[PDB]
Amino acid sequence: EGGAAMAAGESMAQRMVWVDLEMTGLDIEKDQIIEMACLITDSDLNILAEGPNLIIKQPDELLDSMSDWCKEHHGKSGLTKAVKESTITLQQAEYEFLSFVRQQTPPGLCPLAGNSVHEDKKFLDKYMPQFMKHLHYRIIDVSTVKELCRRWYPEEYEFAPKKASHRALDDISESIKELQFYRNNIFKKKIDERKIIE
């Protein structure tokens, strides 16, 4: 029956693809991608799968030509060291994600999720196009609600969680924890604590 595929299809079309990227800089015409994580959640931000957490090999030239902040940032992170000794091609990494997201999402219906992802999509559109061809053109920006919280709910902004990490996969988990804080505190309450709300 289609009514079952509809319920199943309409439920997967509400899932999100959560990514966290690290790059050599902000200039898309010269900078590249060096670390990418992926992860799938449902409409209520519950982990349905954990994608890989990869480090992409990039030539020593670009890393040696990175900005002070960038060359300093990724140095203490040790990520710069791993990039050189990495053996993961971009498309080899691009495909590894594409297979993961294909076995978990319908093609062209799920949106990109994550914190400040208008830049991640900007890079994935250029460098991982087959990946983006699977995803909806829209994004779920955890920072968009951070701004709307900053102006509309400054009181509860002070209680927002604090930073914490080691892998982009963890920066995803914090970004959901960030977004989950917004649903508990600034959106309309659906649940009293002991009835539910009208």
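All residue numbers refer to positions in the sequence shown, first residue = 1. Here, rigid core means the biggest group of C-alpha atoms that superpose within 1.5 Å across both forms.
Root mean square Cα distance to the shown form, taken over structures and residues in 5 other deposited structures of this protein after a core fit, is higher for 168-176 when 168-176 and 146-154 are compared. Where residue 47 is followed by residue 48 in the displayed chain, the model omits none of the deposited residues that would sit between the two. Counting the deposited residues that fall between residue 193 and residue 194 and carry no coordinates gives a value of 1 to 3. Higher mean CA temperature factor, per the PDB entry, when comparing 125-133 with 64-72: 64-72. If you average the C-alpha B-factors over 85-93 and over 107-115, the higher value belongs to 85-93. Listed residues 40, 28, 36, 140 were ranked by CA B-factor as deposited; 28 comes out on top.
Per-chain ranking of the deposited C-alpha B factor places residue 158 in the highest third. For residue 171, the recorded CA B-factor ranks within the middle third of the chain. Only modelled residues enter the ranking. The entry lists a Cα temperature factor for residue 53 that places it in the middle third of the chain's modelled residues. In this PDB entry, residue 189 carries a Cα temperature factor that places it within the middle third of its chain's modelled residues. For residue 149, the recorded CA B-factor ranks within the middle third of the chain. Only modelled residues enter the ranking.
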